[PDB]
Amino acid sequence: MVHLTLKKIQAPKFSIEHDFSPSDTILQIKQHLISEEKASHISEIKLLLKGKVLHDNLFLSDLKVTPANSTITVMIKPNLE
Amino acid sequence: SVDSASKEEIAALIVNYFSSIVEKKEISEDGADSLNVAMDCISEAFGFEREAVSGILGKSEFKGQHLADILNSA
Amino acid sequence: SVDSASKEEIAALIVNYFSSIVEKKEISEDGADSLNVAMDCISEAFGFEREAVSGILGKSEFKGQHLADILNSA
């Protein structure tokens, strides 16, 4: 299992630690954020990995989760007024 | 040391520059997207609005004097 | 309009300034964290390393004239 720490800067902010699969998709993360009432739509979400940008249908084995980081910055735009 | 560049000035310059860069698409597609998202977060980091550019910078010749004591130019 | 500034220079100025911002800690810890991730984002976008700032900026007076067509400075 790969350790991924989700660190959301913008409000609502949060920092959750979870284990994902090597063949896991970033889409799963996005869905999890919405299911936790932390995100509005997947379309308004972008994950940052120490400068390195991640894509919606991207896989952890593609972007390569750097062990020297394991920190994923969560960027979301609220659609709810 | 003698860096007379204000953070608010630089911050506004960053968001200003990025916006004008995506305007003429002077960079890669995802590159522009990255600049936009970084700009948004930077605005939050400094607690200022991206649209406040003209309020902070304006046109008073924003000379961001920030050498960072770099004498290793060559 | 007549924006006489190179995106390379600006990019280097951002990552250079950011480095000095977290250096003296002129911003909140969380803010520094944000600027640190954004730093590599901008660096990756232009395909340059934050370590090349000296060779880019130097001290030859970085007159990055970038008005961005700002006339609403009143």
# chains A, B, ... in the order shown; residues from 1 in each chain; ligands from 1
call {"tool": "residues_around", "arguments": {"residues": "residue 3 (chain B)", "least_positions_apart": "4", "cutoff": "10 Å", "atoms": "only C-alpha atoms", "output": "count of residues only"}}
result
8
call {"tool": "interface_residues", "arguments": {"of": "chain B", "to": "chain A", "cutoff": "12 Å", "atoms": "only C-alpha atoms", "output": "ChimeraX atom specification"}}
result
/B:30-45,47
call {"tool": "select_by_dssp", "arguments": {"residues": "chain A", "states": "helix (DSSP H, G or I)", "output": "PyMOL selection string"}}
result
chain A and resi 26-35+42-44+60-63
call {"tool": "atom_distance", "arguments": {"atom1": "CA of residue 56 (chain C)", "atom2": "CA of residue 46 (chain B)"}}
result
25.7 Å
call {"tool": "select_by_dssp", "arguments": {"residues": "chain A", "states": "strand (DSSP E or B)", "output": "ChimeraX atom specification"}}
result
/A:2-8,14-20,25,45-49,52-53,59,71-76
call {"tool": "closest_residue", "arguments": {"among": "C:1, C:23, C:9, C:73", "to": "chain B", "atoms": "only C-alpha atoms"}}
result
C:73
call {"tool": "atom_distance", "arguments": {"atom1": "CA of residue 49 (chain B)", "atom2": "CA of residue 13 (chain B)"}}
result
11.9 Å
call {"tool": "atom_distance", "arguments": {"atom1": "CA of residue 6 (chain A)", "atom2": "CA of residue 72 (chain A)"}}
result
5.0 Å
call {"tool": "residues_around", "arguments": {"residues": "residue 12 (chain A)", "least_positions_apart": "2", "cutoff": "12 Å", "atoms": "only C-alpha atoms", "output": "list in words"}}
result
residues 7, 8, 9, 10, 14, 15, 33, 34, 36, 37, 38, 39, 40, 74, 75, 76, 77, 78 and 80 of chain A
call {"tool": "write_last_selection", "arguments": {"atoms": "C-alpha atoms", "output": "PDB file, in the first residue's frame"}}
result
ATOM      1  CA  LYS A   7      -3.287  18.226   2.609  1.00  0.00           C
ATOM      2  CA  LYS A   8      -5.984  20.703   1.651  1.00  0.00           C
ATOM      3  CA  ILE A   9      -4.879  24.327   1.979  1.00  0.00           C
ATOM      4  CA  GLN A  10      -7.948  26.262   0.832  1.00  0.00           C
ATOM      5  CA  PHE A  14      -7.937  19.392   6.189  1.00  0.00           C
ATOM      6  CA  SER A  15      -5.117  16.875   6.353  1.00  0.00           C
ATOM      7  CA  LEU A  33     -13.252  14.071  -0.881  1.00  0.00           C
ATOM      8  CA  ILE A  34     -16.786  14.638  -2.179  1.00  0.00           C
ATOM      9  CA  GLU A  36     -16.625  13.361   2.971  1.00  0.00           C
ATOM     10  CA  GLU A  37     -18.430  16.660   2.278  1.00  0.00           C
ATOM     11  CA  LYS A  38     -15.063  18.303   1.583  1.00  0.00           C
ATOM     12  CA  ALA A  39     -15.430  18.782  -2.175  1.00  0.00           C
ATOM     13  CA  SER A  40     -18.178  19.896  -4.544  1.00  0.00           C
ATOM     14  CA  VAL A  74      -5.527  19.358  -2.442  1.00  0.00           C
ATOM     15  CA  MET A  75      -6.959  22.285  -4.418  1.00  0.00           C
ATOM     16  CA  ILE A  76     -10.750  22.655  -4.604  1.00  0.00           C
ATOM     17  CA  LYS A  77     -13.072  25.461  -5.666  1.00  0.00           C
ATOM     18  CA  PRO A  78     -16.376  25.620  -3.718  1.00  0.00           C
ATOM     19  CA  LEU A  80     -21.762  25.958  -2.899  1.00  0.00           C
TER      20      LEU A  80
END
call {"tool": "residues_around", "arguments": {"residues": "residue 74 (chain B)", "least_positions_apart": "6", "cutoff": "8 Å", "atoms": "only C-alpha atoms", "output": "PyMOL selection string"}}
result
chain C and resi 54-55+58
call {"tool": "write_last_selection", "arguments": {"atoms": "N, CA, C and O atoms", "output": "PDB file, in the first residue's frame"}}
result
ATOM      1  N   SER C  54      20.170  32.320  -9.950  1.00  0.00           N
ATOM      2  CA  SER C  54      21.344  33.173 -10.068  1.00  0.00           C
ATOM      3  C   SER C  54      21.764  33.405 -11.518  1.00  0.00           C
ATOM      4  O   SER C  54      22.073  34.529 -11.903  1.00  0.00           O
ATOM      5  N   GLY C  55      21.782  32.346 -12.316  1.00  0.00           N
ATOM      6  CA  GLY C  55      22.182  32.481 -13.703  1.00  0.00           C
ATOM      7  C   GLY C  55      21.175  33.253 -14.529  1.00  0.00           C
ATOM      8  O   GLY C  55      21.523  33.865 -15.538  1.00  0.00           O
ATOM      9  N   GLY C  58      20.494  37.182 -11.727  1.00  0.00           N
ATOM     10  CA  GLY C  58      21.768  37.829 -11.502  1.00  0.00           C
ATOM     11  C   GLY C  58      21.587  39.149 -10.784  1.00  0.00           C
ATOM     12  O   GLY C  58      20.896  39.216  -9.765  1.00  0.00           O
TER      13      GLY C  58
END
call {"tool": "closest_residue", "arguments": {"among": "B:22, B:63, B:12, B:4", "to": "chain C", "atoms": "only C-alpha atoms"}}
result
B:63
